[PDB]
Structure formats: structure tokens, C-alpha cells
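Below is one structure, written out as C-alpha cells, with a few remarks after it.
Please note: Cβ atoms are built from the backbone with ideal geometry, for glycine as well, and neighbour counts cover all protein chains shown. Just so you know, all these numbers are worked out from the coordinates, no wet-lab data involved.
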């Protein structure tokens, strides 16, 4: 191919590790070897490695420390009304830009939204339920607001604007769905999201904390957004990375880097981080958990090729949180981006073959 891997390495470095701090080597680097291909310090291999390893740890740590400092102020102000959590790709370390940050989420915890009809339906259909699920559902029904949910969200949003503006020099309070805080030690910009919980039937069956949803408050409309399950994506990616022998996240970061550097794909196009996560998460771990990192490029190429060629297969791939089919809408536009990504992987594989 005509790819310039020296230029690509410089680009990944500027985004990920400009000071060239020591990064932990992937274990297959020192313990394994490629079945398909000195190749490991070829330029193409170095590009693959640095694209897989992601952002230097100080940036990620600084983001989380900055968000912890913000949390302490909001908790002193009105911690009695909210729980604090985090969301974003930084929470799975699958971001690829050193400037990406965790978001801080504050969730009103006095009242919750929930699936009323679904709870009733589930409790009235006990023949399919495990006994522990019946008991969990029954307790949610038995324990089921004196105040005003929306008024509490508006209150927490405005109270947070006041506390943060009195604490930090630079705070953007004009965005609909978050407050943007410039923390100065460490110097990071943190978005503060205000939400309430949403309890799905699957949450109420299990009490798995990661299955709890949020509905984010929009300050401009005065309404709550549709439910999101950020903690479920985080938990499932982190768990499957462990099951995959610590390879899944390397595949996610690699594909995100390839997309970012591909001139044929818009940065904010039809395939986003959510879709890359879902495509990688859907790969059967047995196909790749023992492969050397270079052989993962071929696994990814095969998966994208199968998505392009096999309609029933692509039509049944779900998001990590299980709530959407990722090719149900805008399928043909998404496939253009998948096709350009597969062409980049084909070139990379060809260039590895030529180095060997």
C-alpha cells in the first residue's frame, strides 16, 4: 500500500503519548508470536501497537482526579439529594485522545423513573422467572414520590451552577445537558451531567447496579432525555476485556485510531465509538483470546467483511447495552464507513505480509 506509517506513528503519538512515556507492553508482544507474519519493530507493527495501547495513563488519571475534586464540592453542597457516578470511554480506557475526559454524573436518588407496565407484566408471569428474580421484582413493587422529580432536577442543576461558579474561575453554564468546569489542579475540563435514574425490568430482576439507567435533565427544555445505560456499556466492556485475555480493548482502540486517520471517513459520521464498541464486543472471544496482537488485525478484517457481506448477520448485531440493533437505521451509510475501514485493514495486512 501507499500508507505512510512514519506519519501515522507521529499522529498517534501526538494524540496518545507525546512525551513517549513507558507504556505497558501487551503480553503477546513478549510471550507470543504471529501465526500469519523482526516484524514487531517494522513501522506498520509499531503503528498497530501504539494504536492498540491508547492514551498514556497520566491523562486518564488526571481526568478522574479532576472529576473527584468537582464531586467533593457538589457532594458538600447537595450530596444528600444525589448519587455520583461517571460515564464515558475514559471509564473503560478505550478513548484515543489525551484530551478526552470522564464525565461526572449526579443522579437524584429520592425518586426514580421505572418501567411500570413491564414490572406488572413480569410479576404476573412467574412461570419463566427464576425465584431470585421473582423476589427482586416483588421488593421493587412492594417498596414503591412526595416531592417533584423535575423540580428537583432543575434545583440540582441551578444549585450546581452556583456552587461551581463560586469555586472555579471558568465554568460554562449555558449548555443544555451539562455544566462544563475548568478544573485547575490537575488542569482538566470536566462535564457535569444531572440526571435521574430509570429502573428497567432487567435491573429490577437482578439489582445489578450497572443495569441502572439514567435520564439526563435538559436545562433549556426543562425535560428529561430518553434513557441511557452508560454504566452497562462500561461494565460489559470491562468484563469482556477480562474474558478476552485483555485483547478486546486493544481491538476497540485500534479501530478508533484507524477511523480517525482514514481520510475517507468524517470524524462525526455514521459509525461512532458506540458502534465500534458493539462490533468488537460481538466477536466471539474464542476466535481471538489467544491470538498474538498482529493476528487481531486479520480477525477484525474478517469481521468487517462478514458485516458487509452477510445481511442476516449484520442485522442482528446489538449495541453493548443490548437496547438497539446497530445496523437497523442508516445501514447503507454505516456500511460505507465499514467498507473504508475494511480497506484500511486490508492495506495494513498486505503491508505486514510485505514486511515479513
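Here are some notes:
- Here, P(r) means the percent of Cα pairs in each 10 Å bin from 0 to the largest distance; for the chain it is 5, 21, 28, 24, 15, 5, 1, 0.
- Cβ-based exposure ranking for 247, 236, in which fewest neighbours within 10 Å come first: 236, 247
- When each of 105, 163 is scored by the number of other beta-carbon atoms lying within 10 Å, the sequence from fewest to most is 163, 105.
- When both bridge partners sit in the chain, DSSP labels roughly 75% of those beta bridges antiparallel.
- Legend: ranking of residues 260, 217 from fewest to most surrounding C-beta atoms inside 10 Å; resulting order 260, 217.
- When Rg and the Kirkwood Rh are both derived from Cα coordinates, the Rg/Rh ratio for segment 58-230 amounts to 1.03.
- Rg/Rh for segment 1-64 stands at 1.01; both radii use Cα atoms, and Rh follows the Kirkwood definition.
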